[PDB]
Amino acid sequence: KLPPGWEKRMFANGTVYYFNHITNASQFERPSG
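Mapping of the sequence shown onto this note's numbering: position 17 corresponds to residue 198, and the numbering continues sequentially without gaps.
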């Protein structure tokens, strides 16, 4: 799946994003998934 800490999530405007739960980083750019 996604690299260390990265987890697929979703935003109130109706879109998917990615959150890194080990660093608190957040991106739309899909980290290998």
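Beta carbons: idealized from backbone N, C-alpha and C, even for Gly.
Helix, strand or coil at residue i according to DSSP, with G and I counted as helix
i	result
residue 189	strand
residue 207	strand
residue 201	strand
8 Å contact criterion, which residue i and residue j should meet: CB distance rounded
i	j	result
residue 187	residue 199	5 Å
Same chain, Cβ closer than 8 Å to residue i, five either side skipped, listed in chain order
i	result
residue 184	212 and 213
Contact set for residue i: own chain, Cβ-Cβ below 6 Å, skip 5 residues either direction
i	result
residue 207	200
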